[PDB]
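J.: I'd like to ask some things about the structure below.
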Amino acid sequence: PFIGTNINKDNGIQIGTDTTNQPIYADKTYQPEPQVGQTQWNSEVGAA
Amino acid sequence: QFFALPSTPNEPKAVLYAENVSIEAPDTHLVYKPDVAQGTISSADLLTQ
């Protein structure tokens with residue numbers, strides 16, 4: 001259910017970024033949540 | 001207003017209309033408005049609401 005743009009091998013997928021830009025990744029323990037999905041019914045994203 | 005299919009755009013298949021309907025909602029407190037800057041009722045997000 002979760003979608004993020006970049007994925008590297010160090011921490012998997014990111015979940016956001018800070019202001020002075022750097023990829024703020026996901027914790028292996030409690031991220032990504034099982035419940036985070038889409039608030040829009042459309043836009044099944046893919047290929048980018 | 002007049003539409004058609006991409007196979008035959010020469011001859012119109014489907015048509016439709018346009019309406020100045022005074023849309024209101026006396027009973028919706030409108031949870032989940034998505035982000036629009038300031039504009040009209042046009043974004044792919046604002047179509048959900």
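The way I read the labels, and the way they are meant: chains A, B, ... in the order of the structure tokens, residue 1 as the first residue of every chain, and ligand 1 as the first ligand shown, with later ones counted on from there.
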What's around stretch 12-16 of chain A at 9 Å? Count only C-alpha atoms, leave out sequence neighbours fewer than 3 positions away in its own chain, and write the answer as a PyMOL selection string.

T.: chain A and resi 2-9+22-26+28+31-32

J.: Using only C-alpha atoms, select each residue of chain A with any atom at most 12 Å away from an atom of chain B, and give the selection as a list in words.

T.: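 Matching residues, ligands excluded from the count: residues 38, 39, 40, 41, 42 and 43 of chain A.
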
J.: Determine which residues of chain A DSSP labels as strand (DSSP E) from the backbone of this structure, then write them out as an MDAnalysis selection string.

T.: chainID A and resid 7:8 12:17 23:25

J.: Can I get the selected residues back with N, CA, C and O atoms, as a compact mmCIF listing (two decimals), in the first residue's frame?

T.:
```
# COMPACT_ATOMS: atom_id res chain seq x y z
N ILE A 7 14.31 4.02 -3.83
CA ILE A 7 14.60 2.86 -2.99
C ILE A 7 16.07 2.52 -3.14
O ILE A 7 16.53 2.28 -4.26
N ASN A 8 16.80 2.48 -2.03
CA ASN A 8 18.16 1.97 -2.05
C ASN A 8 18.29 0.78 -1.10
O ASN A 8 17.36 0.44 -0.37
N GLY A 12 15.96 0.34 2.29
CA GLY A 12 14.76 0.10 1.53
C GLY A 12 14.20 1.38 0.95
O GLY A 12 14.90 2.10 0.24
N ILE A 13 12.96 1.67 1.27
CA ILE A 13 12.25 2.81 0.70
C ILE A 13 12.28 3.96 1.69
O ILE A 13 12.38 3.76 2.91
N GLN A 14 12.27 5.18 1.16
CA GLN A 14 12.10 6.36 1.98
C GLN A 14 10.62 6.59 2.28
O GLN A 14 9.73 6.05 1.62
N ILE A 15 10.36 7.41 3.31
CA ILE A 15 9.02 7.83 3.66
C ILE A 15 8.89 9.35 3.67
O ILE A 15 7.82 9.87 4.00
N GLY A 16 9.94 10.06 3.32
CA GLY A 16 9.91 11.51 3.32
C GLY A 16 11.31 12.07 3.22
O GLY A 16 12.28 11.35 3.00
N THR A 17 11.39 13.39 3.38
CA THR A 17 12.67 14.08 3.36
C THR A 17 12.58 15.32 4.24
O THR A 17 11.49 15.82 4.53
N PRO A 23 17.32 12.05 1.92
CA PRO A 23 16.24 11.05 2.04
C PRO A 23 16.06 10.52 3.45
O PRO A 23 16.93 9.81 3.98
N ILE A 24 14.93 10.86 4.06
CA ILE A 24 14.56 10.36 5.38
C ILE A 24 13.84 9.04 5.19
O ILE A 24 12.70 9.00 4.73
N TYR A 25 14.51 7.94 5.54
CA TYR A 25 14.04 6.61 5.19
C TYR A 25 13.06 6.08 6.24
O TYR A 25 12.58 6.81 7.11
```

J.: Taking only C-alpha atoms into account, which of B:35, B:43, B:28, B:2 comes nearest residue B:16?

T.: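 Checking each of B:35, B:43, B:28, B:2 against residue B:16, counting only C-alpha atoms, the winner is B:2.
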
J.: Write out as a list in words which residues come within 6 Å of residue B:3 when counting only C-alpha atoms, dropping same-chain ones fewer than 4 positions away.

T.: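 Listed by chain and then number, they are residues 12, 14 and 15 of chain B.
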
J.: I'd like the contact shell of residue B:13 - 12 Å cut-off, only C-alpha atoms, skipping same-chain residues fewer than 6 positions apart - returned as a list in words.

T.: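 The residues satisfying every condition are residues 1, 2, 3, 4, 5, 6 and 7 of chain B.
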
J.: For atom CA of residue A:46 and atom CA of residue A:34, determine how far apart the two atoms are, in Å to one decimal place.

T.: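 Separation between atom CA of residue A:46 and atom CA of residue A:34: 20.1 Å.
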